[PDB]
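In the form deposited in one PDB entry, a lone chain appears below as structure tokens.
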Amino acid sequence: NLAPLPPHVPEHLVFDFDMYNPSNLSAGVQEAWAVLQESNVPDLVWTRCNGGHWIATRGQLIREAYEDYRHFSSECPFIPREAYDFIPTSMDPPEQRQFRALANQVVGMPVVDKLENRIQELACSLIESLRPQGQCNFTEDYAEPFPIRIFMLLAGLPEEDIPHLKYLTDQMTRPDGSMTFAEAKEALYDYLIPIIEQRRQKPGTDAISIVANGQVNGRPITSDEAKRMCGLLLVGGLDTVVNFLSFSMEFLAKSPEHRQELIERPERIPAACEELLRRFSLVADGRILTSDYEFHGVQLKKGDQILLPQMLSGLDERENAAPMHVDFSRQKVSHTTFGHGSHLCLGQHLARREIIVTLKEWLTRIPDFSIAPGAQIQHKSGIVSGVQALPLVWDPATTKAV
């Protein structure tokens, strides 16, 4: 199912990469995407998969396109072109600036600094519950429960609401069929709306209270705007963190030498986090052309979609030498893992703290662990690439109890 080549697209630029099922997937998802950076592949290519779209394959072009919001609009940020209404995903500057500022009040650095110890306590509780078992599926047993619990903390929501909320967010990205995306989204709004209304009347210092009482265009934020922002604050931090933590733990389970480095020098963990963010980058979003535009010698047409994979910038050998090698001592770790330009991840500070806290606590309590005997780790590819499951094993006698 290749879409017919639009007549403005020259055949020599055609490379039929399928972002949802890349051909090299069993070799690892980052490796599968990195085929776009082989020397026979232009900086900018067209694929006929998934409706047909451009792909920028190099960090220079990926960065430039994210900077040039006048040409590359977020109005349609996903491939393929086909109910999504979260804020401020689909907004271009200048509409976007006010909403970002508000979201920044609830997940910005000062909030992350205040929450850090709570995040650690949560990580500790999860790890301690798994420690004596000598095994887990890390993706399911630690990664999945962790970010949703951090959201409940950030948003001041009771833990009793977790199973239902997690179900709704799971339906938006991995539907079992019980709910369409639109139904899942509306159920999420059914949940958030009463809470937003109550906290407009009786505010706390939690994220929902702050969003609900925010100001837009010199007037109060509307309930519709508030639910759409809260929805994004919820979903934006789930699959990205789950899968990223899984890539990192897979690598650490498989590379005892890198693991030992962090055991011996825990102070290097924040730098290691940055290098892992580069090597195991996982997002691939896009933009839509606002007008006909010649970009690096290539004629783009108004309405063309362009995939601008955040994942690829840091894997580009032009940005980082020997880019598939993990080296926690890199003097310059170049990446766009959290994006670039006006939509740069608002959760980047929270995410890094989640990653660093997880690694610190896991290496403290369970320093020696491996991939389960016999297991082969499977990746998945898409807008957020990921790990299907991560069976880990360890000897409880080598662990340190709480």
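We call the rigid core whatever largest set of C-alpha positions still superposes within 1.5 Å between the two forms. All residue numbers refer to positions in the sequence shown, first residue = 1.
Omitted from view is the form deposited in another entry, to which the following refers.
Of the residues 125, 180, 291, 329, just one CA atom moves 2 angstroms or more between this form and the one not shown under rigid-core superposition; it belongs to 180.
After superposition on the rigid core, the Cα of residue 164 moves by 2 Å or more between this form and the one not shown. Core-superposed comparison between this form and the one not shown: the C-alpha position of residue 197 differs by no less than 2 Å. Once the cores line up, the CA of residue 216 ends up 2 angstroms or more apart between this form and the one not shown.
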